[PDB]
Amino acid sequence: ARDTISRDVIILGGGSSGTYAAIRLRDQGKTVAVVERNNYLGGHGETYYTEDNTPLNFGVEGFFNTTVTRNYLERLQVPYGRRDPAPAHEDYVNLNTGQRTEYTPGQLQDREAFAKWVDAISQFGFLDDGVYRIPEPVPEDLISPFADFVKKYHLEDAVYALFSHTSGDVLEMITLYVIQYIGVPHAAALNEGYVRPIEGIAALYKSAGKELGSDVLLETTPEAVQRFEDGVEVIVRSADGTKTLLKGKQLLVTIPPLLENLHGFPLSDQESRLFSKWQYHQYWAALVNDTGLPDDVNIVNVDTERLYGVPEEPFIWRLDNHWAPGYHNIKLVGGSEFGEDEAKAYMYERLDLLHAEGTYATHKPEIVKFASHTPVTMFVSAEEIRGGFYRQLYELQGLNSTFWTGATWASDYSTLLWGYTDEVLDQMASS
C-alpha cells in the first residue's frame, strides 16, 4: 500500500457538492482528502474547450445568482457573469415524429407560467431552500401526481414551461419532484438569469483543483470502508492499481446512495432499508458536431400528440446550439434501463427522422462527448414519503462518523446543494 493519508474529513466524490465541501472545510481549518472516480473534478459540471478556448458547457449551464453562489465563485477567484447563450431562433419540433410544429396552443411562456406556479406552491414554504423537510402528516397535494395537481390548482396553461425546466416527464412525476426541479428559488433564478464562470463551468473546478493539489485522488474509488463511532477508515483503489488507506475523523459521502453504489460500505439495517427504496432515471449529456443542423437554431421538443405538449420518456430534452459553430448539446432522459447504447441509438434515430421527414438536412453527427449523468431524479414512491421517508433519511446523518450530501439529499441544483452541504458541515462541526 501507499503511505496512509490521515485527514479530518474524507470526501467521497469530487463533484459539485464534494468540491464545495472540500473548500469550505479547509477554510474552517479541517484537512481533507477527496476521492474522485473520474479523471477530473466537477461531476456534472463539464466543459469542452475548442482550439480557440471557447468553453462549451455540456452539463451544468449555470448557477443561481445568490449570496451563496457569489461567495463561492469569488472565494475561488473565478471571473463570472450572467449566462449569455449564442443567438438562436427557436424551432418547435415534435422529435417523436420528426415533424415541425408550433408552441403548444394555450401554453404560457416561462415568466407567466412561473407566476401561476409559484402562487400554487407557496404553501410548501418548507421546500424554499430545496431541502426535503416535510411535515408529517404529509400534505396530500404535495405527493399527488403533478398531472392531478395542475388540474386542481388550475395550472394547465403553465405545464410546458415547467417541463422545459424539469429533466424528466413531469406528467409521470408527483408534485414534490417537479417542485424540486422548478420551485421558488429556481423560478427566481431563471427570471433573473443564471450566472456562470466566463471560462466555462470547468474553470471553477480547475481553480479548486489547483488549491487542493495532492489532496485530490483522481481515478480513485472506495474499495472497503470501516465506520467507527470516532473515525473512519477508507481503503481506496486507483487506476494504477495502488491502494491507499485513508483515515478520517469524519466521512462525507456525495456518491448517490444506491445500494449497488455502496459496495464495500457497511450499512445499518435502517440505511439498507431506506436505500433499497430508490427509484431513478437515466440522463445522457451529449456534445455533438457535424450534424447538418443550422448553427442558429435551438430545437424545442413539443409532443403534439400529448397533453400540454409534454413528451414521454425516453426523449431529447434539449437540443441547443453553441458560440462555436457546428457544436450542439443534446440532452436525453429515460427510465432506469435507458443506458448508453440505447441513448446513443435513440439520439441517432431522432436525428435521422428529421432528415426523413424533410425537416432538417441532418446526417449522422460526430460525438465529441457522451457523458453519463445517471442517476438523475433519485426518488421514492408517494407511499414511502407519506410514511416519513425523508425524515428517516435525514435521521441517518452522523451515524458512525458518516455524513451525506448531494443531489439525492436536496434539490439537484449546485446553488441549493451548496446551501444544504453547509448545513451538513455545520452538523459535522457540532461540539
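The numbering used is simple: start at 1 and walk along the sequence shown.
| So 239-247 or 178-186, which one's hotter by mean CA B-factor in the entry? | Stretch with the higher mean C-alpha B-factor: 239-247.
| query | Between 323-331 and 228-236, which has the higher average C-alpha B-factor in the PDB entry? | reply | Per the PDB record, 228-236.
| task | Pick out which of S214, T254, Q282, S167 has the highest C-alpha B-factor in the PDB entry. | result | Within the set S214, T254, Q282, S167, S214 shows the top C-alpha B-factor.
| field | Candidate set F315, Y348, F265, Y205 [ranked by C-alpha B-factor, highest] | value | Result of the comparison over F315, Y348, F265, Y205: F265.
| Thinking about Cα B factors across the chain, which third does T104 belong to? | Ranked within chain, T104 CA B lands in the middle tercile.
| When the modelled residues of the chain are sorted by Cα temperature factor, does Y92 land in the lowest, middle or highest third? | Middle third.
| How does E366 rank on Cα B-factor within its chain, lowest, middle or highest third? | Answer is middle: the recorded C-alpha B-factor places it there.
| query | Sorting the chain's CA B-factors, does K277 end up in the lowest, middle or highest third? | reply | Ranked within chain, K277 CA B lands in the middle tercile.
| request: Going by the recorded CA B-factors, say which third of the chain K344 sits in, lowest, middle or highest. | output: Its C-alpha B-factor belongs to the lowest third of this chain's values.
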